[PDB]
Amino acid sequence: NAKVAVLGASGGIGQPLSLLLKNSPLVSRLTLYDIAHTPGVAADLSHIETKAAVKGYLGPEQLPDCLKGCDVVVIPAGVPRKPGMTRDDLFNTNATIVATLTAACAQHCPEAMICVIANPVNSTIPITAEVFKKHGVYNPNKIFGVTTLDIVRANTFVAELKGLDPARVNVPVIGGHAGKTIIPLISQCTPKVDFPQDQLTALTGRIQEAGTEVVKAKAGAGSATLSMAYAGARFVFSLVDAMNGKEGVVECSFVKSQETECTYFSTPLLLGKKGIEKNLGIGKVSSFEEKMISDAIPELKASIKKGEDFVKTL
C-alpha cells in the first residue's frame, strides 16, 4: 500500500531502482521525478504486470504533484564520480540538488520518510536535516542516509572468502559513507568468522574502497548503479515492512545520532511505524574496530559541518 517517490528516476540508479520498486507487491503508487526523460521511463514501467500505478513528472513545476501524499521519498538524484574524484568533488553540485529537492519534500510531504542516496551522504544528510529545520518540520526519526550498499558489499566479500551463502551472512557497518568512515564490524558478523589480522585488514579496506573499485572498472562510464539500485530497494522494503507493523526489522543507516560525539552517525536501527523505533547503538567491538571508530570521527565531523555550513548560506 506504500506510495513511493523516486527523485532522480531517469538516472543510472534511478531507472533500475524504479524497476525494483515497480516489481514489488509492497508498492501501490510509484511517482517518478527527474529534469529529463521521466515521461518515457514512466511509460516503460507502466507496462509491467504489477499493481503499482506509475506516473512520471518532469521539471520543478511538477515536483509538488510528484510529492503529494507520499510515504517514502528516495533521492538518487545527483552527479556520479569519474575516475580520480573524491566524493567531496561532487559536493557543490549535489548539495544544491539535495537542498532543492528536500526543500520540496519539507513543503509538500513533510510526514514522509526521506531516504537520501546522493553523495556525499556524510554531508547530504545534515543538509536534509537543516533544510527541514528551516521549514519547521524536522523529525530525526524519518531522515535516512542510505549506507545499505556498504552492508551488502561486506556480506558478499565475507561470503566469498569463507565460501558461505551471502543470503545467510550479516555484517553491521557503522560510521559513515566515505573511506575510513566506513567501519565494518566483522566481530559482530553472523555467522561468526575468524580471519587473521592481515586478511581482516585487506577485507576492511576492500569494503571501504569498494565504490572506488567500481568507478575504476567503469573507466568514465559512472559509478555503482545496479548494486546501488538493489541496495536502495532493499532499504525501502525494510522501511515499508516496518511501517506496516513488521517486527525485528533492523537496518544500518546514517542518521541523527547521540551514540558518539558525532551529531550524525550510522548504526543498526530498529525500524517501526514512526521510522526509527530505537537506535541499537555501536555495541561490543574489538580493539581494531575501536581504533577505526576513533580515527573516523574527525572526518565525520568535518563533513557534517560542511553540509550544515552550506545550508547556512541559503
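Quick note: we count residues from 1 along the sequence shown, nothing fancier.
Inset, instruction - Pick between 104-112 and 230-238: the one whose mean CA B-factor in the entry is higher. - result: Taking the mean C-alpha B-factor of 104-112 and of 230-238, the larger value falls to 104-112.
Inset, instruction - Give the stretch, out of 33-41 and 270-278, with the larger mean C-alpha temperature factor in the deposited entry. - result: Going by the record's values, the stretch with the higher mean is 270-278.
Inset, instruction - Ordered by C-alpha B-factor within the chain, which third holds residue 4? Give me lowest, middle or highest, please. - result: According to the entry, residue 4 has a C-alpha B-factor in the chain's middle third.
Inset, instruction - Taking the chain's C-alpha temperature factors as the reference, tell me which third residue 47 falls into: lowest, middle or highest. - result: Residue 47: CA B-factor falls in the lowest third of its chain.
Legend entry - B-factor third for the C-alpha atom of residue 194 within its chain: Within its chain, residue 194 is a highest-third residue by C-alpha B-factor, going by the deposited values.
Legend entry - Within-chain third of residue 162 by Cα B-factor, per the entry: Highest third - that is where residue 162 ends up once the chain's C-alpha B-factors are sorted.
Legend entry - Within-chain third of residue 135 by Cα B-factor, per the entry: Highest third of the chain for residue 135's C-alpha B-factor.
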